[PDB]
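FYI, the numbering just counts along the sequence from 1. Values reported hereafter were calculated over all heavy atoms of this structure, with side chains retained and with hydrogens, waters and symmetry mates removed.
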Amino acid sequence: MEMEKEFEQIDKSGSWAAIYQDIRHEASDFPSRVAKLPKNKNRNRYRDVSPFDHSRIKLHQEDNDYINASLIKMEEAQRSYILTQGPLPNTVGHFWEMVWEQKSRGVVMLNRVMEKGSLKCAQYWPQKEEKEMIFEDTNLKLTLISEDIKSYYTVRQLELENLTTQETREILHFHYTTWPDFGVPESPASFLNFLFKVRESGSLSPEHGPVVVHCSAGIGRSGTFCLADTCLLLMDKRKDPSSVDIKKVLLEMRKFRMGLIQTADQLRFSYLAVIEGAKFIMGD
Ligand SMILES: CSc1ncccc1C(N)=O
């Protein structure tokens, strides 16, 4: 059913809460036993948000391989994403280890460091060219190369060095800086502009490791970003664009990480973003 009509039918009937609870009821439940080991308590931001054992990203070290991060692998769309929490004071070194080991080109950040007067994630990248960061626990160096500040987002060029081998790589940091403290944006225009900038960079392409995407918990805004991207890509591959079912794509993604899309308002915004985004996809 053309999602634009499904959209007006749910709006006129005011049933967003009912659709959202149906998704919550049908979502997969897989074990997260590694996340809950006592040795990992200070590696989790939130007690109720954990990666499943089957899809978790493993760090390449014998000591403790755990990070709160999941591989979302979308078989038909041919896209992969790593969704992760905002880094904590004791996991900033683990975060950059994962970027290095997974061969990621891009990091997508959908939150501010401070929101609602509380810290939502560590200051995990350098703010000045001449003040680089060293992560002694994982043997990495990170340098700010350049910064481009726009009205809705900032793009940064970073240099990551493996101090063990002296190899270097360029990482692009895409920072969406205008998501409101409460609710969702009124129009999806600036979020879609941002998505198109990440795509144009090469960061989502199969010649690189998966993009790393985060917010505070790595399920709500992070969920909206990957759901919109996958739905738009499927509309371009299929003979019948109207066959793309956003609720079925979301349940497929929830096989790989719990809780993706945190509110009925986030579900409505995801529909809005895909409907507006299609106009350009359909060469219009
Ligand atoms: C208007 S149709 C179209 N336009 C661009 C890319 C893909 C399609 C399609 N058939 O899905």
Side-chain angles (χ1 to χ4, degrees), residues 20 23-24 27 32 35 43-52 55-57 67-72 79-89 91-92 94-96 98-99 102 104 106-125 152-156 171-186 188 190-195 197-198 203-204 210-231 250 253-254 256-270 272-274:
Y20 181 67
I23 290 160
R24 275 175 39 99
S32 303
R43 295 182 178 215
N44 297 307
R45 182 175 291 283
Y46 303 104
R47 170 192 46 68
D48 57 336
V49 182
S50 307
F52 301 139
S55 55
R56 75 186 183 91
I57 303 291
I67 182 172
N68 194 319
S70 310
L71 182 63
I72 302 10
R79 270 285 211 249
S80 292
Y81 316 85
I82 291 164
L83 269 65
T84 192
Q85 72 183 9
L88 289 159
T91 71
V92 170
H94 303 148
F95 176 90
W96 286 115
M98 177 174 64
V99 168
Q102 301 298 316
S104 306
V107 173
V108 173
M109 174 170 181
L110 302 170
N111 66 293
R112 292 167 303 281
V113 163
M114 179 167 279
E115 298 184 2
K116 291 181 185 190
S118 303
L119 294 176
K120 295 302 174 190
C121 98
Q123 182 60 52
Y124 67 85
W125 73 89
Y152 286 106
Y153 78 92
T154 300
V155 184
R156 313 182 176 88
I171 308 304
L172 299 181
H173 194 241
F174 293 89
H175 188 183
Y176 189 81
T177 54
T178 54
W179 195 293
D181 274 7
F182 295 93
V184 302
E186 188 162 334
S190 59
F191 190 68
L192 290 165
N193 185 54
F194 175 73
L195 167 63
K197 298 293 183 179
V198 179
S203 287
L204 287 167
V211 70
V212 174
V213 345
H214 80 86
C215 47
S216 199
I219 61 173
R221 303 172 195 176
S222 287
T224 299
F225 184 89
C226 65
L227 183 58
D229 185 50
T230 287
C231 285
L250 178 52
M253 275 178 355
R254 277 195 179 216
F256 297 94
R257 188 168 177 84
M258 60 173 68
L260 301 184
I261 309 303
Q262 281 182 287
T263 68
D265 261 14
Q266 278 177 9
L267 182 63
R268 180 180 190 275
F269 180 77
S270 303
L272 266 179
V274 171

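In this structure, CE on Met253 lies 12.0 Å from OG on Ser70, to the nearest 0.5 angstrom. In this structure, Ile171 CD1 and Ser203 OG are separated by 8.5 Å, a value rounded to the nearest 0.5 Å. The structure places CZ of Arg254 at 14.5 Å from CZ of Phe256, a figure rounded to the nearest 0.5 Å. The CG atom of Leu195 sits 7.0 Å away from atom CG of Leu204, with the distance rounded to the nearest 0.5 Å. The structure places CG of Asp229 at 12.5 Å from OG1 of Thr224, a figure rounded to the nearest 0.5 Å. One finds the OG atom of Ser50 at 5.0 Å from the CE atom of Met258 (value rounded to the nearest 0.5 Å).
Residues satisfying the side chain to side chain donor-acceptor pair (under 3.5 Å) test with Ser190, not counting sequence neighbours, are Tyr176. With sequence neighbours left out, the side chain to side chain contact (heavy atoms under 4.5 Å, CB included) criterion links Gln102 to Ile57, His60, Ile82, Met98, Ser104. In terms of the side chain to side chain contact (heavy atoms under 4.5 Å, CB included) criterion, residue partners of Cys121 (sequence neighbours excluded) are, by chain and number, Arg45, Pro87, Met109, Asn111, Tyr124, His214. Applying the side chain to side chain donor-acceptor pair (under 3.5 Å) rule to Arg268 yields the partners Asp11; only residues at least two apart in sequence or on another chain are considered. Applying the side chain to side chain donor-acceptor pair (under 3.5 Å) test to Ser32 and every residue at least two apart in sequence or in another chain returns nothing. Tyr46 is linked by a side chain to side chain contact (heavy atoms under 4.5 Å, CB included) to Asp48, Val49, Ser216, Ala217, counting only residues two or more places apart in sequence or in another chain. Legend: residues meeting side chain to side chain donor-acceptor pair (under 3.5 Å) with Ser270, ordered by chain and number and at least two apart, are absent. With sequence neighbours excluded, no residue forms a ring-ring contact (aromatic ring centres under 6.0 Å, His included) with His94. Taking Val155 as the reference, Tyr153, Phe174 meet the side chain to side chain contact (heavy atoms under 4.5 Å, CB included) condition, with sequence neighbours excluded. Scanning for salt bridge (charged side-chain N to carboxylate O under 4.0 Å, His left out) contacts around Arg156 gives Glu147, with sequence neighbours left out. In this structure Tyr20 satisfies the ring-ring contact (aromatic ring centres under 6.0 Å, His included) test with no other residue, sequence neighbours excluded.
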Step by step, would you call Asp181 with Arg112 a side-chain contact (heavy atoms from CB on, under 4.5 Å)? CA-CA 9 Å; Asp181 274 7; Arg112 292 167 303 281; 2.7 Å; yes

For a side-chain contact (heavy atoms from CB on, under 4.5 Å) check, start with the C-alpha distance between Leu267 and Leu250, then their side-chain angles and the critical distance, and finish with the verdict. CA-CA 10 Å; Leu267 182 63; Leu250 178 52; 4.1 Å; yes

Determine, step by step, whether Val107 and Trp125 satisfy the side-chain contact (heavy atoms from CB on, under 4.5 Å) criterion, reporting the C-alpha distance in whole Å, the side-chain angles of both residues, the deciding distance to 0.1 Å, and the verdict. CA-CA 11 Å; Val107 173; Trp125 73 89; over 6 Å; no

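For residues 219-228, the salt bridge (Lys or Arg N to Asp or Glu O under 4.0 Å) pairs, not counting sequence neighbours, are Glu115-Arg221.
The minimum heavy-atom distance linking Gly106 with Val211 is given by the pair O-CG2, 3.6 Å. Closest approach of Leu260 to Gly218, counting heavy atoms only: CD2-O, 4.3 Å. In terms of heavy atoms, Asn44 sits closest to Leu88 at C-CD1, 3.8 Å. Here the closest non-hydrogen pair linking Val274 and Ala228 is CG2-CA, 3.9 Å.
Within the 4.5 Å cutoff, the side chain of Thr230 has heavy atoms near those of the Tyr81 side chain. Side-chain contact between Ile23 and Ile261: absent, with no pair of heavy atoms (C-beta onward) separated by less than 4.5 Å. At a threshold of 4.5 Å between non-hydrogen side-chain atoms, the residues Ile219 and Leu83 do not count as touching. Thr91 places none of its side-chain heavy atoms less than 4.5 Å from the side chain of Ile67.
Screening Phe191, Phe194, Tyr152 for a side-chain contact (heavy atoms from CB on, under 4.5 Å) with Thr178, the sole residue that qualifies is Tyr152.
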